[PDB]
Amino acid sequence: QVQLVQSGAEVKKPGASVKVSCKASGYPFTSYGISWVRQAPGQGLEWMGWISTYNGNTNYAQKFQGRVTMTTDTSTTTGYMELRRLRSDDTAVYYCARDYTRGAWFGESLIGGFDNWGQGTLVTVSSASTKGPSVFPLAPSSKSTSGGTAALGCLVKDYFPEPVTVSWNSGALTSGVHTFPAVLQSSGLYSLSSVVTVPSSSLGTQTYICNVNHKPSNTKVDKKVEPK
């Protein structure tokens, strides 16, 4: 029944600072330290540091000694992580976890690990600015095999930051849909493709509409996909 709840997503430009909160509940807060771990998209885990909730003693990874500052408030049972001098490399999901690897009182190593983890906070660092996605049709081939399966899709191009939500026919189409992970382009914007496979006979009788929502830019788009 222990829950660690983190602050919402943050989008920052290089050189700025970000501070992530972590409200812990359901256990003796001052008996367990808090550890912070981040995960870049597609990359492994990277431990950042440890703070004692008892006396505020802190241990940081050498990679962050000068840039990171951890704080706790005992009243609200909340941990904080501040990372200054942000760079594009810092674009990652940041987790707070309940720590049983070092002692909150004495600071010595304990037999244990990170038992409870927060849901994570996405922090995106880029020089880009919030922009809604351009949506383009991936029209089915004019030479589709009539007695077989046909593929159609949608291209969600040039948007920032993550994430985009893509649905087909407002959720009426769900079988055969593959919405790909976003890929960061050299321009600094993210791009995405979403495809659906359908019967070729159904191509003349069914309408297929791509539903694209981008809450970071308050952009919502509906692109009709038609054979030509």
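Start at 1 with the first residue shown and count on from there.
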131-139 versus 144-152 - greater average Cα B-factor per the deposited record: 144-152
Which of 62-70 and 32-40 has higher mean CA B factor, as the PDB entry lists it: 62-70
Member of 199, 188, 181, 49 with the greatest C-alpha B factor (per the PDB record): 199
Selection from 110, 122, 96, 125 [criterion: highest C-alpha temperature factor in the record]: 125
Chain-relative CA temperature factor third for residue 11: highest
Residue 79 by Cα B-factor - lowest, middle or highest third of the modelled chain: middle
Record-listed C-alpha B factor of residue 195: chain third: lowest
Where the record places residue 174 (Cα B-factor, split into thirds across the chain): highest
Chain-relative CA temperature factor third for residue 104: lowest
